[PDB]
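Next up: a single chain in structure tokens, the form deposited in one PDB entry.
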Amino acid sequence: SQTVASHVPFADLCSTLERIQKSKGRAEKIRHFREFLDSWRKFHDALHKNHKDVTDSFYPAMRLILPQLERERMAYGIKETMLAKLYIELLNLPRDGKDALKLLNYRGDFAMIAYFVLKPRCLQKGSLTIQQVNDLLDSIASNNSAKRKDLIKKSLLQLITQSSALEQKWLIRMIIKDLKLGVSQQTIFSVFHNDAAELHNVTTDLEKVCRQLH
């Protein structure tokens, strides 16, 4: 009950973001984003067929696809260096080791390095819905607005331990706020809008046509 975001897995979104960035060309990129759009609406329909009158707000997902436009949540307070010490301990790898130093370096991006050491170690499924990921990102920003780095770590741990490595790859970019999709926000907005207006736009309905065009 309650929302679409509460029923769609975080994994679905990450699955899509992967297929987007991995593809060459604006065409295949749009196809994949549109797939997610279509999926979202399919969930909505299934909920209403099951008598749960949810809203189909895409915002829970849009806010993660375009994390650098996030303005409801405040700053995460998660410096990219804080992340390294957490992963070192989470699987208890030795400091100044092969994988330990790679994450302790700086600049593809940090997320691609974390994924490189997470893929063979798993602790995966994952489990989180999008709403729950959002709920945890909310708590991180709140813990940071209140100057509680300890609570940031705990909240952060909760996402990690419950996320697959692919899932973790994308969280990190959502936190750092650079997705690197290879498709602009302008087109994302267009596809999103065009998707809606192709559906919810009066074309041949005479009663609605006559009233509106006056």
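The term rigid core refers to the most C-alpha atoms you can superpose between the two forms while keeping them within 1.5 Å. One-based numbering along the sequence shown.
Beyond the structure shown, there is the form deposited with a partner chain bound, which is absent from this document and is the topic of what follows.
Undergrad: Since the chain is shown here on its own, which stretch among 163 to 171, 185 to 193, 144 to 152, 39 to 47 would lie within 4.5 Å of the partner chain in the bound PDB entry, judged by heavy atoms?
TA: Correct option: 39 to 47.
Undergrad: I have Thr16, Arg19 and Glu35 flagged as a candidate spot, so tell me whether each of them has a non-hydrogen atom within 4.5 Å of the partner chain in the bound PDB entry.
TA: Per the other structure, all of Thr16, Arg19 and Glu35 touch the partner chain.
Undergrad: With the two forms superposed on the core, which of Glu28, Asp178, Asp45, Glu70 shows a CA shift of 2 angstroms or more between the shown form and the other one?
TA: Spelled out, the residue whose C-alpha shifts by 2 Å or more is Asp45.
Undergrad: If I superpose the two forms on their rigid core, does the C-alpha of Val54 end up displaced by 2 Å or more between the shown form and the other one?
TA: Yes, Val54 moves 2 Å or more.
Undergrad: State yes or no: after fitting on the rigid core, is the Cα displacement of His200 between the shown form and the other one at least 2 Å?
TA: True for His200: a C-alpha shift of 2 Å or more.
Undergrad: Your call: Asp195 and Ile30 CA atoms, closer or farther in the bound PDB entry versus the shown structure, by 3 Å or more?
TA: It is farther: the C-alpha separation of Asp195 and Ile30 rises by at least 3 Å in the bound PDB entry.
Undergrad: Tell me whether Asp205 and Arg34 end up closer or farther apart in the bound PDB entry, going by their C-alpha atoms; the shift is 3 Å or more.
TA: It is closer: in the bound PDB entry, the C-alpha atoms of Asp205 and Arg34 lie at least 3 Å nearer than they do here.
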